[PDB]
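Right, one structure below, let's go through it.
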Amino acid sequence: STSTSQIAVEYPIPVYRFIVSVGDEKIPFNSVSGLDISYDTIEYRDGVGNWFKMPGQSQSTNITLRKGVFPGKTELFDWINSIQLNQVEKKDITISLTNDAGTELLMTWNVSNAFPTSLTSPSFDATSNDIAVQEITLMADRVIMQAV
Amino acid sequence: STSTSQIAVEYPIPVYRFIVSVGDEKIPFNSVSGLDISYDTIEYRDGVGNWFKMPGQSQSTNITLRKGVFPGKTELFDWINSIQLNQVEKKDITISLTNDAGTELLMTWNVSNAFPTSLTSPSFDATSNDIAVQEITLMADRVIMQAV
Amino acid sequence: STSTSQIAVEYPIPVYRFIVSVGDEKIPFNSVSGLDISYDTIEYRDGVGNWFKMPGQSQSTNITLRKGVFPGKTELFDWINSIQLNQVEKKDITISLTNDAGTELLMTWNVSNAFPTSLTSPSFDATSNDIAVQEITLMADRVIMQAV
Amino acid sequence: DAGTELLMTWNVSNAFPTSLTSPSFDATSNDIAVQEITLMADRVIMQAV
Amino acid sequence: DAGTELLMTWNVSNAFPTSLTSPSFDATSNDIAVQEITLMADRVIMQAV
Amino acid sequence: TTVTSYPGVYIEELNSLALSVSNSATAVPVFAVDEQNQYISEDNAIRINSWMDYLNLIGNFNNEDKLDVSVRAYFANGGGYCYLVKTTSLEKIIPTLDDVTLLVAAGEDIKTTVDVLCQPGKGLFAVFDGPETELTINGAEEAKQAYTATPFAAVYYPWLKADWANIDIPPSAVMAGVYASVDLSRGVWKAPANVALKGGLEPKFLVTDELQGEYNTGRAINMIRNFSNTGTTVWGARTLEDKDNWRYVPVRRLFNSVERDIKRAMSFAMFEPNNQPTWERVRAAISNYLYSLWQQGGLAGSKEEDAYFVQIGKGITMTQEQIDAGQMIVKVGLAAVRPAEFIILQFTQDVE
Amino acid sequence: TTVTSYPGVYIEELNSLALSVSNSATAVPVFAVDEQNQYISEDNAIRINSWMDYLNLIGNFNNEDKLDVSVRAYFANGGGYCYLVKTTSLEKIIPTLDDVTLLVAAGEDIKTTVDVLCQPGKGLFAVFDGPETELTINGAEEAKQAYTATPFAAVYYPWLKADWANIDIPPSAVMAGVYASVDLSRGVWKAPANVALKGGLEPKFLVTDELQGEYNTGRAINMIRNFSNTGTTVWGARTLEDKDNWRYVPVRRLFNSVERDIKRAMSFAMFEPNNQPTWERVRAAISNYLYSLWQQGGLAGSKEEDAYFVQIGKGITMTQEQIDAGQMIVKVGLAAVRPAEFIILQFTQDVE
């Protein structure tokens, strides 16, 4: 006999309900991938036997967002088309696990200074029953995870 | 109760209905692959701690078009056969997602200066129930995506 | 969330976009090398212990410009062919880092009185997939670096 | 990290520049324009903290 | 391992330092700051145990 | 000026001075202009992008004008674009202009307008002049009585003089350019003191160290004095507030700059639905900005959680009553760096 | 224009401006046109599908016309097809046209017609202009007295100006396009404020923040003012009603849009037998629509049963007497989202 407010505190969070917000816009995405912290390890070892292991230089964060093609809207493409030589508008991406008809966040990830590389066009295919989907890849720094 | 003009505005576009147009010709293709933007990333990192990430040098676009073998027609082969030393006729390829019996485009991709490398002959096979298909591979620049 | 005008002020400049201008002409080059200042050091040392280090005589500037072979044009060769005994036309070379489709310079180097030595012909090679390239070497004086 | 505290310190006296090296401009490279400056000096000393 | 017992021994006499080498500071490296010291000496002898 | 009929080239000979342009994101001054100035009109600000832009508005450079010699000293030190508002309509135009940060009196009485527009909410900092007369260590606490005790104001004493200027230059106009030159080279968090003046300036009155000790304490008057190795230089960073919170102009100008940048990030949250998915986007936008400012060294803290904190919430900051009214309350804290102002040397005769 | 005899191609050179077409389901404005307009006739609405459609009706674009510069600013911001009704026959044609939602005064006195056609039953919303004169914070409550206190109206103050337009543009004509651009990109429930104007617009009068505090309270005048990072932008969502029910234009325009869509679902129930199998089809048709609107985020409620309720019945809503008269009574309730209008930052000097 678990109460419905006990499940909100004790139970794990399902992945499939999430909100992605790219800058000031919020746009519906099919899937989000990557988005993990990582560290190189530095190892010193000298002759008397002691072995030092340290966290080292952080690694660059690479995120992949996947989204279907909608008939009026290309604002994933216009972001990657605006790249002149090294100047692009970087913007913050927030992923947020929500409840059904999300008025309440459960977890929140924050990405800083994300800019697009490698927008992937759909694979046109005459014998396929799929939607035209696009992956955009983002390079960024500082994934942080926020409670609620 | 979704109206049929609401589906034209809100719903995603299926991949299987598309028009490929190679230069002045338009020819029916079985599948189109590749056709994505990409960028190298330049990373500067100095001693005080700040880490600069930039979009860098663009990558070359490589497209793969697949097409069945028809009895009178070899004009994918005659394009790749006309390569003398570095001189080939480059032409623009446009992919375009359409409706049923296409009189109306929904999305449009444009490829500039595409020229053929690596025409692939069918694999003749006495125990196979397939059509003779051919892949042609194109190297090009500047994929752009146009709304409608 | 870096703005696109902040990147123009704070971020380092990528090397690959540059304009070379030889005299009144401007010609597209594949790579530019050398082009650095240098100084000999004079060291005095006497018996009481004090050691004087000084900047000394400047060194001659040697630049190497690399360029592919184009079918109608030999004006790197006609410059080095015009050397009669010690008389050659010296001209000023300016390198300039630019933006994409350069209407705006970011940095500028200036070379004075450059004249050609050692034009290098391409290495013809039946098993190579390369372009015919040529290096010209320039001896000059006074590299100066100008902001914007 | 975010340096408010030194761990080691080297000190160089009377350094003056020779041989500033300009970047190698290169149309097929994905690098930043970097410069090396070379300094001649005397008396490197190493200080704890 | 956890040395309470020597297996071989080398002995150097009258060693004095030349050429202490400072670490190469490098913003894109995952290494420890290391130093080499160089010693000039005489009479390396090798002792059993 | 010059009339061009044939293509050619033209080898006109004229003496006109040209100053290089600078772009400053953080310091946009507004020069108070006296009445009996025939060039600018009442009730509109004239944006002057460069010294050449100013030299098109007036025909000749005038040595006798207080406005002319103050604007040339401003652009020679490295100032960006500025506005020119007349002093009687000055209280109407500064609220219209959005990105104005500094308020500069170029030898003008703005003490009436500074009390009514410099508030804790608004981002205006107001540098103005010291008294033109050569003052004393003796009657020193009466000169500090003339100025208000607001934390948003700094007073720089000696009216500078130049060989090109006939009259003495007000020192606040050269300090609008020093503020822009400091923040571009080292940051807003760095104090504008011990910076040399790039123009041909030197103080009218040489100031003893014992006199500067009088004025630095209570309602502090920063002072520009000459050093033989540095030339002329600025030698103060203190505001007119003596309280330990807002004593220094790098701390007051950092908080003015941070809250203006947070203003722009809260601009996108305007007229969005007032629920939790907005508040976790408001907090994430501020937390990115204060982190990258801490990484530049702007905020003082060894640990990142010591430099700042942001708090939004329905239990924390805003009531259910206040949410229905339409309000959204955020709490931000910062930890600025203070400048080292005194250095005490102890010289011992025996080495041990 | 162009005469074509040979097949060929034609490389005519002419400067004509072309604007891209947009289809808007929710916002169909009606532009009030003054008399002494020789192009449209009395007592018929002229549907203008596009800017090219308008540019065929009139020969040249005229800078001096109030109607011309208002229609071009409407299509540049993203407006769909609109109607052109003359202002004296305006009260006869708007009841004829079914799908008209907005009523736009392009610099016209429609205060007589808005009182007689904007009713709680009819779905008309009426955006019109502020006063053309530069107003004051001082005589501010007299300017709100000129406008009626109806909840269906919004007033946008500064008459915009453009480089192509010789005269100043009425601000209501650019807001019919901003209404269509907001509802297509984010929905009718989103307020039309902090949206930049796509045409080359900027306000005639820069508006201080203290002046906007006067006009926002009682009979609210929304204001279009310039921000240095955003450009020109809309900065208000309030109607002319001060009551807490219909304070904001996203809540009033949501209820106008919902009841128009429910109008279409009750169109099929017309002249059907008045018994229970009809009423459970009327309720099911509304319950599908409000659920899919709640799933889009249009109605505010965590639980689906909190956002809306529909009630039909013989015991509940209609009498046995009213059924024999032919009436059918349904009760619908909604819970709209309110926009966050004020954001209060508290900056603390100590981090803890």
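Each chain in the structure tokens gets a letter, A, B and so on, in the order shown; residues start at 1 in every chain, and ligands are counted from 1 in the order they appear.
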
Mind listing as an mmCIF file with C-alpha atoms, in the first residue's frame which residues of chain B are within 10 Å of chain G, counting only C-alpha atoms?
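Writing the result to out-v8.cif gives the following:
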```
data_model
loop_
_atom_site.group_PDB
_atom_site.id
_atom_site.type_symbol
_atom_site.label_atom_id
_atom_site.label_comp_id
_atom_site.auth_asym_id
_atom_site.auth_seq_id
_atom_site.Cartn_x
_atom_site.Cartn_y
_atom_site.Cartn_z
ATOM 1 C CA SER B 1 -10.350 15.387 -34.008
ATOM 2 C CA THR B 2 -7.331 16.753 -35.891
ATOM 3 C CA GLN B 6 -3.517 20.956 -38.991
ATOM 4 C CA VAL B 9 1.481 22.350 -40.065
#
```

At most 10 Å is the cut-off: for each residue in chain B with any atom that close to an atom of chain C, write down the nearest atom pair and the distance in Å rounded to one decimal, counting only C-alpha atoms, chain first then increasing number, as JSON lines.
```
{"residue": "B:42", "atom": "CA", "partner": "C:14", "partner_atom": "CA", "distance": 8.3}
{"residue": "B:43", "atom": "CA", "partner": "C:12", "partner_atom": "CA", "distance": 9.8}
{"residue": "B:44", "atom": "CA", "partner": "C:12", "partner_atom": "CA", "distance": 7.8}
{"residue": "B:52", "atom": "CA", "partner": "C:11", "partner_atom": "CA", "distance": 7.1}
{"residue": "B:53", "atom": "CA", "partner": "C:11", "partner_atom": "CA", "distance": 9.0}
{"residue": "B:54", "atom": "CA", "partner": "C:11", "partner_atom": "CA", "distance": 8.5}
{"residue": "B:55", "atom": "CA", "partner": "C:14", "partner_atom": "CA", "distance": 9.9}
{"residue": "B:56", "atom": "CA", "partner": "C:14", "partner_atom": "CA", "distance": 8.0}
{"residue": "B:57", "atom": "CA", "partner": "C:16", "partner_atom": "CA", "distance": 8.2}
```

Please identify which residues in chain E DSSP calls strand (DSSP E or B) from the backbone, and express them as a list in words.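 Filtering chain E down to strand (DSSP E or B) leaves residues 8, 9, 10, 11, 12, 13, 14, 15, 16, 17, 18, 19, 20, 21, 36, 37, 38, 39, 40, 41, 42, 43, 44, 45, 46, 47 and 48 of chain E.
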
Please provide the set of residues having any atom within 7 Å of range 91-99 of chain C, restricted to only C-alpha atoms, with same-chain residues fewer than 4 positions apart removed, written as a PyMOL selection string. (chain A and resi 85) or (chain C and resi 15+17-23+104-115)

Do you know which residues are at most 6 Å from residue 38 in chain C counting only C-alpha atoms, after dropping those on the same chain fewer than 5 positions away, and could you put them as a list in words?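 The filter keeps residues 59 of chain C; 18 and 19 of chain D.
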
I need the contact residues of chain E against chain A, so if you could list those with any atom within 8 Å, counting only C-alpha atoms, and return them as a list in words, that would help. residues 1, 2, 3, 29, 30, 31 and 32 of chain E

Create the file for the chosen residues now, containing C-alpha atoms and written as a PDB file, in the first residue's frame.
```
ATOM      1  CA  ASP E   1      58.713  -5.010  -2.000  1.00  0.00           C
ATOM      2  CA  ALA E   2      58.552  -2.746   1.083  1.00  0.00           C
ATOM      3  CA  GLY E   3      62.318  -2.763   1.210  1.00  0.00           C
ATOM      4  CA  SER E  29      49.541  18.302 -20.519  1.00  0.00           C
ATOM      5  CA  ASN E  30      48.404  15.731 -17.963  1.00  0.00           C
ATOM      6  CA  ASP E  31      51.773  15.261 -16.282  1.00  0.00           C
ATOM      7  CA  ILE E  32      53.444  15.866 -12.941  1.00  0.00           C
TER       8      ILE E  32
END
```

As JSON, numbers by chain, please: every residue in range 9-110 of chain A that DSSP puts in helix (DSSP H, G or I). {"A": [9, 10, 77, 78, 79, 80, 81]}

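Here CA of residue 37 in chain D stands at a distance of 6.2 Å from CA of residue 21 in chain D.
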
Tell me, counting only C-alpha atoms, for each residue of chain F within 8 Å of chain D, which pair of atoms is nearest and how far apart they are in Å to one decimal, in rows ordered by chain and increasing number, as a Markdown table.
```
| residue | atom | partner | partner_atom | distance |
| --- | --- | --- | --- | --- |
| F:295 | CA | D:2 | CA | 6.3 |
| F:297 | CA | D:2 | CA | 7.1 |
| F:301 | CA | D:4 | CA | 7.7 |
| F:302 | CA | D:4 | CA | 6.2 |
```
